[PDB]
There are 2 protein chains.
Amino acid sequence: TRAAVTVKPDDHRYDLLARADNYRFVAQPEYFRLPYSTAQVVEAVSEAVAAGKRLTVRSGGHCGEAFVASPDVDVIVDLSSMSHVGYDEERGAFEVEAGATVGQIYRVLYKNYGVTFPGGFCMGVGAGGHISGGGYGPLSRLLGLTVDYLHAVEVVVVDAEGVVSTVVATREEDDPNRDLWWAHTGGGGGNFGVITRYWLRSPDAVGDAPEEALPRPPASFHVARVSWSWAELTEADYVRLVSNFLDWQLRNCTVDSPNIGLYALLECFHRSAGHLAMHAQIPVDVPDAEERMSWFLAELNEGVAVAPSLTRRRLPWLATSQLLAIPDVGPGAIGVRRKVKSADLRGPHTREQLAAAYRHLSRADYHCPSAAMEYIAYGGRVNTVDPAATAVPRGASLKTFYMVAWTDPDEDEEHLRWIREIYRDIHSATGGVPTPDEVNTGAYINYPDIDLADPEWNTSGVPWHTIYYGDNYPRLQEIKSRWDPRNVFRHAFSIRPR
Amino acid sequence: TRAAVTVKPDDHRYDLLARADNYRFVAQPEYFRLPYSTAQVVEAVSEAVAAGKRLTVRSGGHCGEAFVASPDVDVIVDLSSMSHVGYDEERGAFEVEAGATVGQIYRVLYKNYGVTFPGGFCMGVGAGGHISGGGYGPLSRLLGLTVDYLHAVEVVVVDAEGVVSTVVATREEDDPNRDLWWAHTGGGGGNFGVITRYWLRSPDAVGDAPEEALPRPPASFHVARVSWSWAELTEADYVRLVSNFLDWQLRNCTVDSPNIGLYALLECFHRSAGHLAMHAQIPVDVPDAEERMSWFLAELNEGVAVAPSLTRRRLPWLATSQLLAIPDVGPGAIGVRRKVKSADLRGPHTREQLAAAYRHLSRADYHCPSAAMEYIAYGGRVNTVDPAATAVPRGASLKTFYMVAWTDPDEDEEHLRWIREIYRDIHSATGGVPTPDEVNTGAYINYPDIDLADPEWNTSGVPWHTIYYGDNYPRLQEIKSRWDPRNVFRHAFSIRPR
Ligand SMILES: *Cc1cc2c(nc3c(=O)[nH]c(=O)nc-3n2C[C@H](O)[C@H](O)[C@H](O)COP(=O)(O)OP(=O)(O)OC[C@H]2O[C@@H](n3cnc4c(N)ncnc43)[C@H](O)[C@@H]2O)c(*)c1C
Ligand SMILES: *Cc1cc2c(nc3c(=O)[nH]c(=O)nc-3n2C[C@H](O)[C@H](O)[C@H](O)COP(=O)(O)OP(=O)(O)OC[C@H]2O[C@@H](n3cnc4c(N)ncnc43)[C@H](O)[C@@H]2O)c(*)c1C
Ligand SMILES: OCc1cc(O)cc(-c2ccccn2)n1
Ligand SMILES: OCc1cc(O)cc(-c2ccccn2)n1
């Protein structure tokens, strides 16, 4: 193996490595280390540990916050050159190096073996942060979460006397490292050590051919793409439309629903974007698939005056997945400053919550065509899992996501103000945040938001860690204390040892 | 390694594999063969040769025409699982397997080694088609063409008895197979054999460290992105703006220019789109770089009544390249029907030609936001090499490019009609095609257009092979007869033996 690359501030590459998906956070370490093998990750961590240096890891660069790129980080280990994806016959599982990106993973697994696993739809997202935090996407209703396929993980860890090792932790019942496995099923990136690779396999796979080791997705899908012109919207129409979407999703979010195969995402962009958009997809092989999609669209439009433009077509799965995917290049990906938020639902928003959203999404005093809240269908196979079995919170029927993206740092204050205000107004009855209760079930650690730990925005009394992990947090602390007892791996929202 | 994959029509992967960048052309072979090594590509070709099957190769699926997917193709060898990029210490050059995509090549080369090669901007374009056809991009004015770095090429070939073998052909003067190397420096894909891998290296490189074997791009670029509204854009404006663009490019298209680092692309969309668009870039370490972009923009708009909305910023090279690249996923990339055309220039379009483009670009009886023609700056270092030394015709100082993309197969005739009529009417003085002369240099093999072989659109009497290859065609024909004597590798625009 070629020796690990070290990139110092005098090297031309440093300024590029300092930048990832969020341009608000530019890293300035003493150096970037790019390793090629697990033994080089060991060496990198042990150097940092010996001299007390603050170390973080980057896989895909998609962190919503400054977890990797904090100005007090001294060393950044970038895993983008460990991206192998292959079947491992000794284990009967697909091996995925942590710097592989989801888009590449889907292509390799599918073309070479005809299988897939249910991760997210954004292309440049790294396996490192995605899987460990409880990755989901469009196939989750049918197949569950990424972590439901996590057979094993290999992790570089640091014990109380500064000794660095590489351990493989599996889900087998007698695995002495089982706890470290469980922590990676929703505990989140940057907490327990450097994940070097994951192994993926269905827990009920038959034999050991790769073609049976993970699920075959359905072969093709009816896809609907719908938009409603903002120029034609009223408050009442907005309220009614989102209510219909929500009501239909809450009736159809269990594995018993004959519509469980229908996945849909409603993007409510701010008015400056020109439209509200939705994409929906259903496997062709579901009984009456095409009629099911028609009933769904007709229900959506009941009692709503604006008529949508609609295109319907049929595509193979992988193409359906790339249609909906977010690009890793182009003006939407590169040089973009961002803020994201998250809130999960097991119940409908109220008419008052939706009128408040409408007030923020129609504001004519703001202009940002990439400002949006999104409602994302969820549930299904996700919620048939015993929730003790993984570290991811379960029970939401629907996720919601808030985002503003812009390019000018001059404008930071007004974009941050806009996203904070809409999210707080929506959650004004619960101290401005989704406190776990009858309607909210929390938030998703892979859409982190540090305003949850800010007394000016979170006036609920409920700490951030409850919001993101609910009842799994204290077990995560204990596993943290066992495996990273010096708190070498940390960030604003890292598991505190206890 | 793993045995090669065979995908027949009963396999769920077939419908996906049958679909590439252009949905107008759906492949229907007997099977797809996905090989993992050169030996397996030999086996695949030997099977098709033995039974006289019509065989084609796919790398990235970016062909503008049906050369891969044509219905008479029986076997398609898909190289997407051969996408290794690394330095090959033995030959002193970067090894690029034919199935690697340019997006991934630039990331690997730059991050691991701090180097690059001047290829194209589109992400999912495959090395196989791209390099052999004579790839270019944004850095070509400073660095030349991809083929200028082509140190060697490995090709699976078939002799007159139908024996299949592998040859490595190099650029070295004593190489007995130099002729095969030269044919790959612009002869285009799908002619001589299956390219399994390329080796890339500067001809003048010092020593044997990878960091020195290809050029380091400039670390940072000033970037400008510009758009003019169609709202009150008039013929007069349109014609002044492009003339201004062209005058400028033509004065500053040589290695003597202190503006040669300035690279710019003008997109003239149909009124449908709302705007005309332009992106420019210049390295940061060019003396007075920031001011030169100011001068360039000033001259552009002189005598032009629409005021351009403008944004300027500074980025690292690799970020700059990903900003202006075209995504390989999302609505712009997936499930899209396309038609492309091209014409290179050695001198300016006349006022009449521009009037004719304006008319077609303004035509209110047509709707297609994706319809455009583009002026892409070119020349510079490209034109300091001997036109003999590679198979790519050189001479153009500027490249032009035409495209319509849509999704509805029912609208094919309207979109084809538009692109065909605008192209014809701009070349109406020369029989509807850019005949090599004082002002036109031809067209580019990697933007193929079978309408140049259609008596109804090409009335110039100049055959397609002269437009694409000028003086180099007879030599290509001779290499073709020597290396593919049975014409195994062919398509509509393949080199005809003789
Ligand atoms: C940008 C982006 C993010 C998305 C998108 N869509 C998603 C979807 O459809 N479903 C999802 O479940 N999530 C989606 N996300 C959110 C992402 O899942 C998160 O942004 C992930 O956390 C990103 O992972 P990664 O790209 O690896 O980002 P990094 O910034 O490098 O790291 C995040 C976090 O994890 C730690 N970490 C990374 N790598 C490691 C390893 N190997 N070992 C330990 N820890 C690691 C980092 O230190 C950091 O703290 C769609 C889009 C466009
Ligand atoms: C879609 C697309 C194309 C682009 C884009 N931008 C370009 C740019 O910025 N600079 C360029 O110089 N060219 C650009 N092009 C055009 C592409 O260069 C061409 O479209 C390439 O030919 C595409 O290559 P590839 O993606 O490999 O396409 P295929 O469809 O697989 O094959 C093309 C042609 O080549 C033969 N062939 C492929 N692979 C091989 C191998 N290994 N050996 C021999 N022959 C091969 C095929 O049979 C076919 O004949 C921007 C965009 C978005
Ligand atoms: O998964 C939805 C989504 C879409 C998007 O454009 C961006 C993100 C995102 C971006 C950064 C951190 C977390 N999520 N998520
Ligand atoms: O090279 C410019 C460009 C842009 C684009 O969106 C598409 C293409 C293209 C698409 C198919 C075949 C050849 N070129 N080219």
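Hydrogens, waters and symmetry mates are skipped; everything else that's a heavy atom, side chains included, is used. For ligands, and for the atoms within them, numbers begin at 1 and follow the listed sequence. Letters A, B, ... mirror the listed sequences (proteins, then strands); counts begin at 1.
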A.B. asks: Hey, which atoms in ligand 1 end up nearer than 4.0 Å to a heavy atom of A:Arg58?
C.D. replies: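 Numbered from 1, ligand 1 contributes 31 (O).
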
A.B. asks: Can you report which non-hydrogen protein atom sits closest to atom 7 (C) of ligand 1, along with the distance?
C.D. replies: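 So the nearest neighbour among protein heavy atoms is A:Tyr447 OH, 4.0 Å.
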
A.B. asks: Measure the distance from atom 16 (C) of ligand 1 to every protein heavy atom, then report the residue, atom name and distance (to 0.1 Å) of the closest one.
C.D. replies: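 Going atom by atom, the protein heavy atom closest to atom 16 (C) of ligand 1 ends up being A:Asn446 O, 3.5 Å.
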
A.B. asks: What protein heavy atom sits nearest atom 4 (C) of ligand 1, and how far away is it?
C.D. replies: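 That would be A:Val125 CG2, 3.7 Å.
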
A.B. asks: With heavy-atom distances below 4.0 Å as the criterion, list the atoms of ligand 1 near A:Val194.
C.D. replies: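 Every atom of ligand 1 under 4.0 Å from some heavy atom of A:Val194: 43 (N).
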
A.B. asks: Looking at residues at least two apart in the chain, or sitting in another chain, which of them share a salt bridge (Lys or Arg N to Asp or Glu O under 4.0 Å) with B:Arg337?
C.D. replies: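 Only B:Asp412 meet the salt bridge (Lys or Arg N to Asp or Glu O under 4.0 Å) criterion with B:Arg337.
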
A.B. asks: Tell me which one of A:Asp21, A:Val102, A:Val68 gets a heavy atom nearest to atom 49 (C) of ligand 1.
C.D. replies: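 Of the listed residues, A:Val68 has the closest heavy atom.
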
A.B. asks: Any atom of ligand 1 sitting under 4.0 Å from a heavy atom of A:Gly137?
C.D. replies: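 No, that is not the case, since the closest heavy atom of the residue is not under 4.0 Å from the ligand.
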
A.B. asks: Considering non-hydrogen atoms only, spot the tightest contact between A:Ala371 and A:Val404 and give its length.
C.D. replies: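 Here A:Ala371 and A:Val404 meet closest at CB-CG1, 3.6 Å.
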
A.B. asks: Atom OG in A:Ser83, atom CD1 in A:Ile105: separation rounded to 0.5 Å?
C.D. replies: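 So the OG of A:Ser83 and the CD1 of A:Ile105 are separated by 9.5 Å.
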
A.B. asks: Report yes or no: does a heavy atom of A:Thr56 sit under 4.0 Å from some atom of ligand 1?
C.D. replies: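 No, A:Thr56 has no heavy atom closer than 4.0 Å to ligand 1.
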
A.B. asks: Taking atom 47 (C) of ligand 1 as the point of reference, which of A:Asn22, A:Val336, A:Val57 owns the nearest heavy atom?
C.D. replies: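 When every heavy atom of A:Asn22, A:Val336, A:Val57 is considered, A:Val57 comes closest to atom 47 (C) of ligand 1.
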
A.B. asks: Between A:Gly120, A:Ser132, A:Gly193, A:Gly189, flag the one that comes closest to atom 44 (C) of ligand 1 by a heavy atom.
C.D. replies: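 Checking each option, the heavy atom nearest atom 44 (C) of ligand 1 is found in A:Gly193.
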
A.B. asks: Give yes if a backbone or side-chain nitrogen or oxygen of A:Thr196 is under 3.5 Å from a nitrogen or oxygen of ligand 1, and no if not.
C.D. replies: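 Min N/O separation from ligand 1 is not below 3.5 Å for A:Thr196.
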
A.B. asks: What's the shortest heavy-atom distance between A:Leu265 and A:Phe121, and which atoms?
C.D. replies: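 Looks like CD1-CZ, 4.0 Å.
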
A.B. asks: Is A:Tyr444 near ligand 1, meaning one of its heavy atoms is under 4.0 Å from it?
C.D. replies: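 A:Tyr444 counts as a contact of ligand 1 under the 4.0 Å cut-off.
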
A.B. asks: Taking only heavy atoms of A:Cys63, which atoms of ligand 1 are found under 4.0 Å from at least one of them?
C.D. replies: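 Near A:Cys63, the atoms of ligand 1 are 28 (O), 29 (P), 30 (O).
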
A.B. asks: B:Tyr447 and ring pair (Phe, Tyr, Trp, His ring centres under 6.0 Å): which single residue from B:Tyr402, B:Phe401, B:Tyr468 fits?
C.D. replies: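 By the ring pair (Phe, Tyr, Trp, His ring centres under 6.0 Å) criterion, B:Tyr447 pairs with just one of B:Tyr402, B:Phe401, B:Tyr468: B:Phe401.
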
A.B. asks: Show your reasoning for whether salt bridge (charged side-chain N to carboxylate O under 4.0 Å, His left out) applies to B:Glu65 and B:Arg338.
C.D. replies: CA-CA 9 Å; B:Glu65 295 282 1; B:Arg338 286 163 214 292; over 6 Å; no

A.B. asks: For ligand 4, list all ligand N or O to protein N or O distances below 3.5 Å, rounded to 0.1 Å.
C.D. replies:
from, atom 1, to, atom 2, distance (Å)
ligand 4, 1 (O), B:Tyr447, OH, 2.9

A.B. asks: I need the minimum non-hydrogen distance between A:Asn446 and A:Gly129, along with the two atoms involved.
C.D. replies: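 It is OD1-O, 3.2 Å.
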
A.B. asks: Does the residue A:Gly61 have a heavy-atom contact with ligand 1, meaning some pair of atoms that are separated by less than 4.0 Å?
C.D. replies: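 Yes, that is the case, since the closest heavy atom of the residue is under 4.0 Å from the ligand.
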
